[PDB]
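Notes for the structure review
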Amino acid sequence: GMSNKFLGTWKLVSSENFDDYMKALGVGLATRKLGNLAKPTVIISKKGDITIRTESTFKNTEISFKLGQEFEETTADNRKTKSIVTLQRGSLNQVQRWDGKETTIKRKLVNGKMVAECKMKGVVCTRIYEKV
Ligand SMILES: CCCCCCCCCCCCCCCC(=O)O
Ligand SMILES: [Cl-]
Ligand SMILES: [Mg+2]
Ligand SMILES: [Mg+2]
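Residues numbered from 1 in each chain as written, not as in the entry; some residues may be left out. Chains lettered and ligands numbered in written order. Heavy atoms only, no water.

Per the deposition metadata, X-ray crystallography was the technique used to determine this entry, at a resolution of 1.50 Å.

Take a look at the structure:
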């Protein structure tokens, strides 16, 4: 199952190419400006379902799911998606589908950091988090 090394509170330390990723999702300019200034905390826990909670001054989000079971998600930019989280070679892989579009957020552990790779339409964003 998901490694217990994911569990905990993680703080964003680096983000590369977020603005073009948000653009590819359809996010408007003023929201992107705030999204690029945000430094969220991500809290991963498990109590039956796995929960991934994101906290920031601009927006908070939360998803709770079982691996491999499609669920309804509301994203930080207020998309209403059908999403599935899978585990592949230790990476926690989230696909979101809405309005015939798809994006993936792969989260993996690298030397104790958590690396999120976000992909939309060939645009790739990398966000690196350190455990608190
Ligand atoms: C994530 C909260 C702050 C961002 C607010 C701007 C709205 C666009 C959000 C795009 C989806 C977020 C992808 C997050 C990946 C990650 O967990 O690092
Ligand atoms: Cl913030
Ligand atoms: Mg940066
Ligand atoms: Mg950018």
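**Observations concerning unusual backbone geometry**
Spelled out, the test is: Only DSSP runs of H or I with at least four residues qualify as helices, and only runs of E with at least two residues qualify as strands; both kinds are numbered from the N terminus onward. Relative accessible area decides the class of each residue, using a 1.4 Å probe on protein chains only: under 20% of the type maximum gives buried, over 50% gives exposed, and in between gives partly exposed.
Residue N17 is not a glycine yet carries a positive backbone phi of 75°. Within the element layout of this structure, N17 appears in the loop between strand 1 (8-16) and helix 1 (18-25). We classify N17 as partly exposed; its relative accessible area is 29%.

**Digging into the pattern of salt bridges**
Defined as follows: By definition, a salt bridge exists where a carboxyl oxygen of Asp or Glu is found within 4 Å of a side-chain nitrogen of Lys or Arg.
One pass over the structure, following the stated rule, counts seven salt bridges. Across the salt bridge formed by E62 and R53, the nearest N and O atoms sit 3.0 Å from each other. The closest approach of N and O atoms between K108 and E117, which form a salt bridge, is 4.0 Å. Assessed through its relative accessible area of 33%, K108 is described here as partly exposed.

**Structural notes on the site of ligand 1**
Selection rule: The criterion for a residue being near a molecule or strand is simple. One of its heavy atoms has to lie within 4 Å of it. Whenever two N or O atoms come within 3.5 Å, that pair is a polar contact, provided that in protein one can donate a hydrogen and the other can accept it, and provided that, for residues adjacent in sequence, both atoms are side-chain atoms. Residue exposure ignores everything except the shown protein chains as possible cover, and the areas themselves are Shrake-Rupley values with a 1.4 Å probe. A 1.4 Å probe that fits into a set of points on a 1 Å grid over the protein atoms alone but cannot get out defines a cavity; an open set with protein on both sides within 12 Å along at least five of seven lines defines a pocket, and lining residues are those with an atom within 4 Å of a point. The way we define it, a molecule is inside a pocket or cavity when more than half of its atoms are within 2 Å of that pocket's grid points.
The environment of ligand 1 is made up of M22, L25, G35, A38, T54, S56, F58, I105, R107, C118, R127 and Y129. Within the side chain of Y129, one N or O atom sits 2.5 Å away from an oxygen atom of ligand 1. Alone, ligand 1 offers 510 Å² of accessible surface; in the complex the protein occludes 95% of this. Because more than half of its atoms lie within 2 Å of the grid, ligand 1 is assigned to the largest cavity. For the shell around ligand 1, the secondary-structure elements that each account for two or more residues are helix 1, strand 8 (101-110) and strand 10 (123-131).

**Overview of the UniProt feature "disulfide bond" in the protein chain**
Heads up, the condition is: Two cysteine sulfur atoms make up a disulfide if the distance between them is within 2.5 Å. UniProt positions are given in the numbering used here, feature names are shortened, and annotations may be inferred rather than shown by experiment.
The sulfur-sulfur separation between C118 and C125, a disulfide according to UniProt, is 4.4 Å, which reaches or exceeds the 2.5 Å limit, so the bridge is not formed here. Mapping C118 onto the fold places it in strand 9 (residues 113-120). By secondary structure assignment, the location of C125 is in strand 10.

**Notes on the sheet that holds strand 8**
As a reminder, the rule being used: What makes two strands pair is DSSP finding at least two bridges between them. For helices, the fitted line uses only the C-alpha atoms of the stretch in contact; every axis is such a line through C-alpha atoms, and the angle between N-to-C directions lies from 0 to 180 degrees. When checking whether two residues touch, look at their non-hydrogen atoms; a contact exists if any pair is within 4.5 Å.
Across the sheet, 10 strands lie side by side as 4-3-2-1-10-9-8-7-6-5; this open sheet has antiparallel pairing. Each of the sheet's edge strands pairs with one partner strand only, and the pair in question is strand 4 (61-65) and strand 5 (71-74). Strand-to-strand twist of the sheet, defined as the mean angle between neighbouring strand axes without regard to direction, takes the value 25°. Bridging between strand 8 and strand 9 involves seven bridges; their strand directions are antiparallel. Bridge assignment links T104 to a residue of strand 9, and that residue is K119. Together, strand 1, strand 7 (91-98), strand 8, strand 9 and strand 10 form the strand contacts of helix 1, whose direction differs from that of strand 10 by roughly 125°.

**A few points about a nonpolar patch on the surface**
Keep this limit in mind: Patch criteria: residues need more than 30% relative accessible area and no salt bridge. Like-charged residues are merged within 9 Å; nonpolar side chains of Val, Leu, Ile, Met, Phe, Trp and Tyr are merged within 5 Å.
Together, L34, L37 and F58 make up an exposed nonpolar region whose accessible area comes to about 300 Å². Turning to its location among the elements, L34 is positioned in helix 2 (residues 29-37).

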